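A short worksheet on the structure shown next.
Side chains are part of it too, since the values below use all heavy atoms of this structure and drop only hydrogens, waters and symmetry mates. All residue numbers refer to positions in the sequence shown, counting from 1.
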Amino acid sequence: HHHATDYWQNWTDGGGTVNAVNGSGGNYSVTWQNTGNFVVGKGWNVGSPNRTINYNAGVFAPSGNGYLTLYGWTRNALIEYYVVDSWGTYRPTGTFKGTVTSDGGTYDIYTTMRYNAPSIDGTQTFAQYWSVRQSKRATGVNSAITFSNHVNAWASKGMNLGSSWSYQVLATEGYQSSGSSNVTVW
């Protein structure tokens with residue numbers, strides 16, 4: 001009675017080298033060097049607002065800007081959302097909307113806008129929903145993101161996810177950096 005990960009996520013813009021590894025089960029690894037922008041992770045093809053995402057990042061060693069975050073899309077409306085648990089040399093922020101406490105940590109709530117940006121609908125103009133942890137979360141242990149807490153928190157701030165749910169992964173995103181990570185998601 002557990003529907004583990006079924007979607008392998010691997011996107012790059014071509015900058016640098018991104019050696020992403022689809023490993024056994026819900027485990028993946030990625031080492032990247034001097035890259036552009038990339039998003040690699042494992043998750044579910046259809047995200048759920050009521051899903052509790054579990055993960056264990058045995059390695060999350062970004063040398064520069066890298067994210068260890070929940071990442072997913074919705075359609076109608078078109079929205080790209082984050083739950084950033086840890087990062088490298090840059091903490092993503094935006095328009096402050098409030099805070100939410102979940103899974104032992106307090107996350108800041110931000111909204112941003114993407115302009116003529118790639119999406120699951122192509123080049124579009126869409127809103128980004130962010131929940132960014134105020135402190136970096138410790139890795140190497142079993143961690144859970146109770147996503148229904150963030151969805152309710154976003155909703156209480158006028159941030160409403162779409163009705164159609166595309167993928168939803170525990171991702172490693174980096175930009176203009178090098179590093180490695182090893183994560184198991186279920």
Side-chain angles (χ1 to χ4, degrees), residues 2-12 16-44 47-73 80-94 99-110 128-151 153-154 167-186:
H2 192 95
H3 283 151
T5 63
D6 58 26
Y7 174 58
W8 162 247
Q9 161 66 45
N10 185 17
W11 175 88
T12 180
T17 65
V18 178
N19 182 21
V21 175
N22 187 349
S24 304
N27 167 261
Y28 72 89
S29 74
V30 43
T31 65
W32 67 98
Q33 187 205 314
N34 208 41
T35 63
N37 201 22
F38 73 92
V39 177
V40 178
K42 288 199 180 188
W44 297 260
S48 174
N50 295 116
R51 169 177 288 109
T52 294
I53 292 95
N54 313 275
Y55 76 96
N56 186 312
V59 175
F60 174 65
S63 173
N65 182 21
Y67 302 153
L68 181 64
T69 177
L70 178 69
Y71 175 76
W73 287 93
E80 188 190 35
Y81 62 83
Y82 291 81
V83 174
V84 176
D85 262 359
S86 178
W87 60 95
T89 58
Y90 177 73
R91 184 177 184 267
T93 52
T99 71
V100 54
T101 176
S102 182
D103 310 288
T106 297
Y107 298 77
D108 288 327
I109 305 180
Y110 307 111
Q128 291 183 319
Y129 293 173
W130 298 81
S131 269
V132 179
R133 212 176 184 266
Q134 294 178 348
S135 311
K136 296 191 186 188
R137 198 170 184 174
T139 63
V141 303
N142 283 16
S143 295
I145 296 179
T146 309
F147 188 42
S148 48
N149 294 335
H150 294 274
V151 174
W154 298 347
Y167 51 87
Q168 167 193 76
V169 300
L170 205 287
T172 303
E173 173 174 1
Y175 187 66
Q176 292 185 333
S177 57
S178 302
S180 78
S181 74
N182 198 311
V183 185
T184 310
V185 192
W186 72 97

Can you tell me how far apart [atom1] ([X]) and [atom2] ([Y]) are? Round to the nearest 0.5 Å.
X	Y	atom1	atom2	value
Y167	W8	OH	CH2	13.0 Å
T35	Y175	OG1	OH	9.0 Å
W32	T17	CH2	OG1	11.0 Å
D85	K136	CG	NZ	12.0 Å
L68	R133	CG	CZ	11.0 Å
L70	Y81	CG	OH	5.5 Å

Just by distance, with hydrogens left out, do [X] and [Y] show a side-chain donor and acceptor under 3.5 Å apart?
X	Y	result
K42	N27	no
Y71	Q9	no
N65	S177	no
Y28	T172	yes
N182	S29	no

Check whether any side-chain N or O of [X] sits under 3.5 Å from a backbone N or O of [Y] as a donor-acceptor pair, and report yes or no.
X	Y	value
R137	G104	no
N54	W186	yes
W130	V84	no

Point to revise | Aromatic plane relationship, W154 with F147 - under 30° parallel, 30 to 60° tilted, over 60° perpendicular | key: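 Plane angle over 60°, so perpendicular.
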
Nearest heavy-atom neighbours spanning [X] and [Y]:
X	Y	value
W87	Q134	CH2-O, 4.1 Å
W11	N37	CZ3-O, 3.4 Å
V169	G41	CB-C, 4.4 Å
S143	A138	OG-O, 4.1 Å

Check your understanding: Taking everything shown except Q33 itself, do over 12 heavy atoms lie less than 6.0 Å from its CD?
Key ->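 No - once you tally the heavy atoms of other residues, nucleotides and ligands closer than 6.0 Å, there are 12 at most.
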
Check your understanding: Does a sphere of radius 6.0 Å around OH in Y110 hold more than 12 heavy atoms from other residues, nucleotides or ligands, not counting ones at 6.0 Å or beyond?
Key ->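 Enclosed: over 12 neighbouring heavy atoms sit under 6.0 Å from OH of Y110.
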
Practice item. Among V83, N56, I145, find the one that has a side chain to side chain contact (heavy atoms under 4.5 Å, CB included) with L170. Key: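 When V83, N56, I145 are each tested with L170, the side chain to side chain contact (heavy atoms under 4.5 Å, CB included) holds only for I145.
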
Point to revise | Side-chain heavy-atom pair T93, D108 within 4.5 angstrom cut-off | key: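 Not touching, per the 4.5 Å side-chain cut-off.
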
